[PDB]
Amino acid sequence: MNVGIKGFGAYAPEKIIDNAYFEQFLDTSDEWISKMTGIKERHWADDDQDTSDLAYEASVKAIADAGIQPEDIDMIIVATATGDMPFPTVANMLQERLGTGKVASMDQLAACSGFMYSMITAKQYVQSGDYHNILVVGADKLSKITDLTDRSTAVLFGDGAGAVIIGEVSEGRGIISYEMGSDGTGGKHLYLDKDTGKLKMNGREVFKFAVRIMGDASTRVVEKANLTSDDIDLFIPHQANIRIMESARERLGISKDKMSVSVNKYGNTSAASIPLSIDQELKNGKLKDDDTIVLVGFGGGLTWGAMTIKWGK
């Protein structure tokens, strides 16, 4: 059967943080940051607003956009590396708060590739035929695990949440191809320091793997889908670093103007990155039914994901 996105929702906190905000406690500057990452500002959730709070907002919209009631949700999967707690999970909270049925709800960790993994995981259940609507969320409150003494990561991450309803869609539309991967050998280059509680990154190592995986993984899902660079209406990669993005956009070999770019206003929001970017293209009327979009991302693990899907309910 054809399984796709029949409902979409996104959300970014209200507090906007400009690049000029780090000059006070870091050797940075708008010029530097903009040049190095292509970021101009990011969104940060308040102290009393955790990952579940963002996840909740993103979910409510995708439920209305799918044109269904929360009672119709057959399962909840929240992709996040920053859940409020390991238990109860963010999905457990969405179950009660969304007023859904007492269906299965879990968070699956795959970092920045998490959303595609969950999106793909949901497809597997919907194909079993016993599941019609699965709520998939990609949410992260990275600001709470960001080291503000390490300018290369401090000025890089933001918070945000994205969400969709995976279920069967009209024929010809939906998920066409996808790819998931792991490489435990690169975990040391990007992890959460057990003691300190802060994220650790080796920019140069992470950078080199990022440009390659996102480039190649995308190429793979496109060929698997048997598509031509002509059939690609939008290339929506993990908004990790404008330079990483361009490099991968370049590797894939696709028009510079087909790439979704929202890293300038959100920064790197891990699992929310892709949905937060699809939200832009939708409300700027640049993504429409029957358009074919290419998804790709990677995160600390190292993990990666790539998807090919024709938009439409």
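In case it trips you up, residue 1 is the first one in the sequence shown, and so on.
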query = So which stretch wins on mean C-alpha B-factor, 132 to 140 or 185 to 193?
reply = 185 to 193
query = Of the two stretches 245 to 253 and 278 to 286, which shows the higher Cα B-factor on average in the entry?
reply = 245 to 253
Residue of maximum C-alpha B factor among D159, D230, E179, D107, per deposited coordinates = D230
query = Which one of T303, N19, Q24, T292 shows the top CA temperature factor in the record?
reply = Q24
request  = Check where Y117 lands among this chain's C-alpha B-factors and tell me if it's the lowest, middle or highest third.
outcome  = lowest
remark   = Temperature factor at the Cα of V263, chain-ranked in thirds, falls in the lowest
query = Hey, what third does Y125 fall into on Cα B-factor, ranked over its chain?
reply = middle
task = Please place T219 in the lowest, middle or highest third of its chain by C-alpha B factor as given in the entry.
result = middle
key: Relative C-alpha B-factor of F209, binned into the chain's lowest, middle or highest third   = highest
